[PDB]
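So this one's entry.cif, mmCIF, C-alpha atoms and all ligand atoms:
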data_run
loop_
_atom_site.label_atom_id
_atom_site.label_comp_id
_atom_site.auth_asym_id
_atom_site.auth_seq_id
_atom_site.Cartn_x
_atom_site.Cartn_y
_atom_site.Cartn_z
CA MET A 1 0.00 0.00 0.00
CA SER A 2 1.09 3.66 0.23
CA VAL A 3 2.52 4.62 3.64
CA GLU A 4 4.95 7.43 4.56
CA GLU A 5 6.11 8.75 7.96
CA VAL A 6 5.41 12.39 8.90
CA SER A 7 8.62 14.05 10.15
CA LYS A 8 10.23 16.04 7.31
CA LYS A 9 13.68 17.56 7.92
CA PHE A 10 13.59 21.25 6.90
CA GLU A 11 16.72 22.75 8.50
CA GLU A 12 19.41 23.29 5.84
CA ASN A 13 19.57 27.10 5.53
CA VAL A 14 23.06 27.62 4.06
CA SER A 15 22.62 30.27 1.34
CA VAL A 16 25.60 32.40 2.44
CA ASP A 17 26.72 30.45 5.53
CA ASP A 18 29.26 28.28 3.67
CA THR A 19 28.47 24.59 3.06
CA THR A 20 28.30 23.36 6.68
CA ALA A 21 27.23 20.00 5.19
CA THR A 22 30.80 18.65 5.49
CA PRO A 23 30.11 15.32 7.20
CA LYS A 24 26.74 15.19 5.39
CA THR A 25 27.30 14.76 1.63
CA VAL A 26 25.33 12.93 -1.09
CA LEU A 27 28.49 11.65 -2.83
CA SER A 28 32.02 12.35 -1.55
CA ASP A 29 33.71 11.29 -4.81
CA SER A 30 35.75 13.33 -7.33
CA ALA A 31 38.32 11.28 -9.28
CA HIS A 32 39.05 13.80 -12.06
CA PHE A 33 42.78 14.51 -12.54
CA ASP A 34 42.90 12.50 -15.79
CA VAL A 35 44.35 14.30 -18.84
CA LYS A 36 45.64 10.84 -19.88
CA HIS A 37 42.71 9.95 -22.16
CA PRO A 38 39.39 10.59 -20.39
CA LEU A 39 38.64 14.33 -19.99
CA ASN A 40 35.37 15.33 -18.28
CA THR A 41 32.69 15.87 -20.95
CA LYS A 42 30.44 13.86 -23.26
CA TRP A 43 30.86 14.26 -27.04
CA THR A 44 29.51 12.07 -29.85
CA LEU A 45 31.47 11.56 -33.06
CA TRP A 46 29.47 12.10 -36.28
CA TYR A 47 31.60 12.29 -39.45
CA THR A 48 30.45 12.51 -43.08
CA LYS A 49 32.43 10.79 -45.85
CA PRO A 50 30.35 10.61 -49.04
CA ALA A 51 27.89 13.28 -50.23
CA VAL A 52 25.30 11.42 -52.31
CA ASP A 53 22.61 13.25 -50.27
CA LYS A 54 21.74 14.67 -53.68
CA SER A 55 19.83 11.43 -54.13
CA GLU A 56 20.43 9.82 -50.72
CA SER A 57 20.38 12.00 -47.57
CA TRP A 58 22.90 14.17 -45.74
CA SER A 59 21.78 12.04 -42.78
CA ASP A 60 22.29 8.84 -44.78
CA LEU A 61 25.99 9.67 -45.12
CA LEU A 62 26.93 11.27 -41.80
CA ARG A 63 27.94 8.36 -39.56
CA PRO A 64 27.26 9.09 -35.90
CA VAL A 65 29.52 7.02 -33.65
CA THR A 66 32.15 7.27 -30.84
CA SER A 67 30.54 9.19 -27.97
CA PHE A 68 32.92 9.33 -25.01
CA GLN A 69 34.63 11.73 -22.59
CA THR A 70 38.26 11.12 -23.55
CA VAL A 71 40.76 11.98 -26.29
CA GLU A 72 41.97 8.54 -27.43
CA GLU A 73 38.75 8.00 -29.44
CA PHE A 74 38.68 11.45 -31.06
CA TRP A 75 42.41 11.00 -31.70
CA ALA A 76 41.34 7.86 -33.57
CA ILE A 77 39.48 9.81 -36.27
CA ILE A 78 42.74 11.79 -36.48
CA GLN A 79 44.87 8.62 -36.38
CA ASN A 80 43.77 8.26 -40.01
CA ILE A 81 45.27 11.71 -40.61
CA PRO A 82 42.88 12.07 -43.56
CA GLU A 83 42.10 15.70 -42.69
CA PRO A 84 45.61 17.11 -43.25
CA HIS A 85 45.08 16.76 -47.01
CA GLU A 86 45.02 12.95 -46.84
CA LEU A 87 41.41 12.11 -47.75
CA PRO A 88 39.05 12.72 -50.67
CA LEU A 89 38.42 16.29 -49.38
CA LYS A 90 34.75 17.28 -49.18
CA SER A 91 34.99 15.75 -45.70
CA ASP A 92 32.85 16.81 -42.71
CA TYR A 93 33.53 15.61 -39.13
CA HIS A 94 31.32 16.64 -36.17
CA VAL A 95 31.68 16.03 -32.40
CA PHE A 96 29.88 17.67 -29.45
CA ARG A 97 27.22 17.43 -26.68
CA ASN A 98 28.14 20.13 -24.12
CA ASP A 99 24.92 22.14 -24.51
CA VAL A 100 23.48 21.00 -27.86
CA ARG A 101 24.62 18.39 -30.55
CA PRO A 102 21.62 17.77 -32.86
CA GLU A 103 23.59 18.70 -36.03
CA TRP A 104 24.73 21.70 -38.09
CA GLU A 105 20.96 22.12 -38.53
CA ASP A 106 20.33 22.60 -34.80
CA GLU A 107 23.83 22.66 -33.23
CA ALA A 108 23.43 26.37 -33.92
CA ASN A 109 20.03 26.17 -32.22
CA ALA A 110 22.28 25.54 -29.23
CA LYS A 111 22.21 29.38 -29.11
CA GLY A 112 25.82 30.03 -30.11
CA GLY A 113 27.00 30.34 -33.74
CA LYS A 114 28.99 28.54 -36.48
CA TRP A 115 32.57 29.78 -37.01
CA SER A 116 34.05 28.34 -40.22
CA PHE A 117 37.54 28.67 -41.76
CA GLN A 118 38.10 27.97 -45.48
CA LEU A 119 41.80 27.20 -46.07
CA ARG A 120 43.41 27.08 -49.53
CA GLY A 121 47.21 26.72 -49.27
CA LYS A 122 48.12 23.09 -48.51
CA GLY A 123 50.22 22.42 -45.38
CA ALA A 124 49.83 18.60 -45.21
CA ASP A 125 49.76 18.87 -41.39
CA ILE A 126 47.32 21.65 -40.41
CA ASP A 127 44.19 19.63 -39.59
CA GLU A 128 46.25 17.80 -36.93
CA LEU A 129 47.11 20.93 -34.93
CA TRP A 130 43.75 22.66 -35.41
CA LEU A 131 42.03 19.45 -34.30
CA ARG A 132 44.13 18.94 -31.16
CA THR A 133 42.71 22.38 -30.37
CA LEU A 134 39.09 21.46 -31.18
CA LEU A 135 38.98 17.93 -29.72
CA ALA A 136 40.80 19.36 -26.68
CA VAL A 137 38.43 22.35 -26.42
CA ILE A 138 35.54 19.93 -25.70
CA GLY A 139 36.98 19.42 -22.21
CA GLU A 140 40.65 18.41 -21.73
CA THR A 141 40.24 20.40 -18.52
CA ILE A 142 41.25 23.35 -20.74
CA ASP A 143 38.58 25.68 -19.31
CA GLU A 144 37.85 29.08 -20.92
CA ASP A 145 36.38 27.34 -24.00
CA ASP A 146 35.00 23.88 -23.16
CA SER A 147 32.28 25.63 -21.13
CA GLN A 148 31.33 28.71 -23.20
CA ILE A 149 31.23 26.67 -26.43
CA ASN A 150 28.86 23.78 -27.26
CA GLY A 151 30.51 21.76 -30.04
CA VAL A 152 32.99 21.81 -32.93
CA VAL A 153 33.12 20.48 -36.49
CA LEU A 154 35.51 19.97 -39.43
CA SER A 155 34.95 19.76 -43.21
CA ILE A 156 37.29 19.60 -46.21
CA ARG A 157 36.41 20.46 -49.83
CA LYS A 158 37.91 20.56 -53.35
CA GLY A 159 41.25 22.26 -52.59
CA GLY A 160 39.52 24.16 -49.77
CA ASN A 161 39.61 22.71 -46.24
CA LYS A 162 37.00 24.14 -43.86
CA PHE A 163 36.68 23.71 -40.09
CA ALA A 164 33.70 24.73 -37.94
CA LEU A 165 33.42 25.85 -34.30
CA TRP A 166 29.96 25.75 -32.69
CA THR A 167 29.63 27.97 -29.65
CA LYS A 168 26.98 27.51 -26.98
CA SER A 169 26.33 31.29 -26.51
CA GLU A 170 29.67 32.86 -25.45
CA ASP A 171 28.56 35.76 -27.77
CA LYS A 172 30.20 36.83 -31.04
CA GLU A 173 32.37 39.21 -29.01
CA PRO A 174 34.58 36.43 -27.68
CA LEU A 175 34.09 34.75 -31.09
CA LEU A 176 35.46 37.50 -33.33
CA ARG A 177 38.33 37.20 -30.86
CA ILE A 178 38.61 33.40 -30.87
CA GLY A 179 37.86 33.04 -34.61
CA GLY A 180 40.69 35.54 -35.19
CA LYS A 181 43.17 33.25 -33.39
CA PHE A 182 41.59 30.01 -34.67
CA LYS A 183 41.93 31.66 -38.10
CA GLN A 184 45.73 31.78 -37.77
CA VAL A 185 46.11 28.33 -36.19
CA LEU A 186 45.20 27.09 -39.68
CA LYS A 187 48.60 28.50 -40.67
CA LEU A 188 47.03 30.58 -43.43
CA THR A 189 47.72 34.16 -44.62
CA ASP A 190 46.50 34.48 -48.23
CA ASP A 191 43.71 36.65 -46.77
CA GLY A 192 42.78 35.47 -43.25
CA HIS A 193 39.94 33.71 -45.10
CA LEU A 194 37.24 32.50 -42.70
CA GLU A 195 33.48 32.57 -42.11
CA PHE A 196 31.48 33.82 -39.11
CA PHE A 197 27.76 32.92 -38.93
CA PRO A 198 25.31 32.70 -36.04
CA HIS A 199 22.70 29.91 -35.81
CA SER A 200 20.56 32.40 -37.75
CA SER A 201 22.29 30.93 -40.83
CA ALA A 202 21.23 27.30 -40.27
CA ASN A 203 17.60 28.39 -39.74
CA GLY A 204 16.90 31.55 -41.79
CA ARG A 205 19.89 33.87 -42.34
CA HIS A 206 17.58 36.92 -42.46
CA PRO A 207 19.87 39.21 -40.47
CA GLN A 208 23.64 39.50 -41.06
CA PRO A 209 25.99 36.77 -39.83
CA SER A 210 29.39 38.23 -38.86
CA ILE A 211 32.02 38.24 -41.64
CA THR A 212 33.70 36.20 -44.37
CA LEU A 213 37.38 36.51 -45.26
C1 LIG B 301 26.58 19.62 -41.66
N1 LIG B 301 25.51 19.52 -42.65
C2 LIG B 301 25.62 19.64 -43.92
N2 LIG B 301 24.49 19.55 -44.66
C3 LIG B 301 24.31 19.77 -46.10
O1 LIG B 301 25.39 19.20 -46.85
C4 LIG B 301 25.77 20.09 -47.92
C5 LIG B 301 27.28 20.17 -48.04
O2 LIG B 301 27.70 20.99 -49.15
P1 LIG B 301 28.95 21.99 -48.99
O3 LIG B 301 28.48 23.23 -48.35
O4 LIG B 301 29.67 22.04 -50.28
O5 LIG B 301 29.79 21.11 -47.94
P2 LIG B 301 30.39 19.62 -48.11
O6 LIG B 301 30.00 19.13 -49.44
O7 LIG B 301 31.81 19.67 -47.74
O8 LIG B 301 29.61 18.84 -47.03
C6 LIG B 301 25.16 21.45 -47.62
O9 LIG B 301 24.36 21.90 -48.72
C7 LIG B 301 24.32 21.26 -46.38
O10 LIG B 301 22.99 21.77 -46.56
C8 LIG B 301 23.50 19.32 -43.72
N3 LIG B 301 22.18 19.16 -43.96
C9 LIG B 301 21.48 18.96 -42.84
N4 LIG B 301 20.16 18.80 -42.89
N5 LIG B 301 22.04 18.92 -41.58
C10 LIG B 301 23.39 19.09 -41.30
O11 LIG B 301 23.79 19.04 -40.14
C11 LIG B 301 24.14 19.31 -42.49
#
Target encoding structure tokens, full file:
Amino acid sequence: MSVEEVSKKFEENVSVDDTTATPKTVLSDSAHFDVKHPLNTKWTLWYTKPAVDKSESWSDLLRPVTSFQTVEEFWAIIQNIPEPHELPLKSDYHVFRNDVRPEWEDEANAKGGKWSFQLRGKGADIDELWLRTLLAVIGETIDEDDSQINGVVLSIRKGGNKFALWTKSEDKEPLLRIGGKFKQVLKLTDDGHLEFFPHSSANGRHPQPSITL
């Protein structure tokens, strides 16, 4: 049947009196201190190889997979080093979960924006350094980025690599600042080429995005 005592314990007023609940905790556990593979966030791994969506479906190509809180897995997609000008270009990798993670169609819905960077000059080893910065930004206890952002993405094209950074809402202010740096990490210079667009682009780009080098 349904039976419940009648005592109730309402006596935990500690708004500004420090957490006196020292000996009384719900879970005194905090491993953390990893940085050896497992970071501290959840991020799925959806990468797109083909592009037959023309007749198939952008969702029929994109392969959603590896969803962990470490770096070994993400490093795996890089282990193939197909991004640094090693694959059939037109590539598109995506990993995230912090605040959103539905897809470029809603990852912007996350309430952040989509920073892209179209590279032309070939370096043969640029997608490895820019990735270590994206895959690490997810968490890697880096702070100052794995919390204000929501997810990242990567995509190559005919002689035109293109990466994507999906913020969670940090505001374009800190983006025009980050994008600027992330724009150089690509090791470019021909014209600081790059693209700045808020979710408003993946859902009705009525207003203006940000810029496009
Ligand atoms: C990431 N993403 C890409 N596409 C489509 O895939 C096409 C890619 O064409 P593109 O802009 O030349 O990039 P790519 O060929 O290197 O991928 C675009 O026209 C997009 O509309 C997508 N379409 C949907 N619905 N959702 C997504 O998340 C998504």
Original post:
Could you name the residues that touch residue 170 in chain A at 12 Å or less, counting all atoms listed in the file, but leaving out those on the same chain fewer than 4 positions away, as a ChimeraX atom specification?
Top reply: /A:99,110-114,144-150,165-166,174-178,198
**OP:** List all protein, DNA and RNA residues that have at least one atom no more than 9 Å from any atom of ligand LIG 301 (chain B), counting all atoms listed in the file, and write them as a ChimeraX atom specification.
**Re:** /A:48-51,53-54,57-59,62,89-94,102-107,153,155-158,161-162,202
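Among the candidates A:9, A:206, A:168, A:85, the residue lying nearest to residue 125 in chain A is A:85 (atoms considered: only C-alpha atoms).
In this structure, CA of residue 194 in chain A sits 22.8 Å away from CA of residue 46 in chain A.
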Listed atoms of range 75-94 of chain A, axis-aligned box, 8 Å per side: centre and edge lengths to one decimal in Å, as lines of an AutoDock Vina configuration file?
center_x = 38.5
center_y = 12.6
center_z = -41.2
size_x = 30.3
size_y = 25.4
size_z = 35.0
Original post:
Of the candidates A:141, A:28, A:201, A:109, which one gets nearest to residue 167 in chain A if we count only C-alpha atoms?
Top reply: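 Of A:141, A:28, A:201, A:109, the one nearest residue 167 in chain A, counting only C-alpha atoms, is A:109.
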Original post:
In Å, with one decimal, what is the gap from CA of residue 67 in chain A to CA of residue 34 in chain A?
Top reply: 17.7 Å
**OP:** Rank nothing, just name the residue among A:193, A:24, A:8, A:205 nearest to residue 118 in chain A, using all atoms listed in the file.
**Re:**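 Nearest candidate to residue 118 in chain A out of A:193, A:24, A:8, A:205: A:193.
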List every protein, DNA or RNA residue with an atom no more than 7 Å from (36.6, 13.4, -23.3) in the file's coordinates, counting all atoms listed in the file, and format the result as a short mmCIF file (atom, residue, chain, number, x, y, z; two decimals) with C-alpha atoms, in the frame of the given file.
data_model
loop_
_atom_site.label_atom_id
_atom_site.label_comp_id
_atom_site.auth_asym_id
_atom_site.auth_seq_id
_atom_site.Cartn_x
_atom_site.Cartn_y
_atom_site.Cartn_z
CA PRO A 38 39.39 10.59 -20.39
CA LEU A 39 38.64 14.33 -19.99
CA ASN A 40 35.37 15.33 -18.28
CA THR A 41 32.69 15.87 -20.95
CA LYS A 42 30.44 13.86 -23.26
CA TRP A 43 30.86 14.26 -27.04
CA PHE A 68 32.92 9.33 -25.01
CA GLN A 69 34.63 11.73 -22.59
CA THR A 70 38.26 11.12 -23.55
CA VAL A 71 40.76 11.98 -26.29
CA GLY A 139 36.98 19.42 -22.21
CA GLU A 140 40.65 18.41 -21.73
#
Subject >> Among listed residues A:183, A:36, A:120, A:132, nearest residue 77 in chain A (using only C-alpha atoms) >> reply: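 Of A:183, A:36, A:120, A:132, the one nearest residue 77 in chain A is A:132, counting only C-alpha atoms.
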Original post:
Any idea what the distance is between CA of residue 163 in chain A and CA of residue 179 in chain A?
Top reply: 10.9 Å
Original post:
Of the candidates A:96, A:47, A:197, A:74, which shows the shortest atom-to-atom distance to residue 172 in chain A, using only C-alpha atoms?
Top reply: A:197
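With distances restricted to only C-alpha atoms, A:115 is the closest residue to residue 212 in chain A from A:131, A:60, A:95, A:115.
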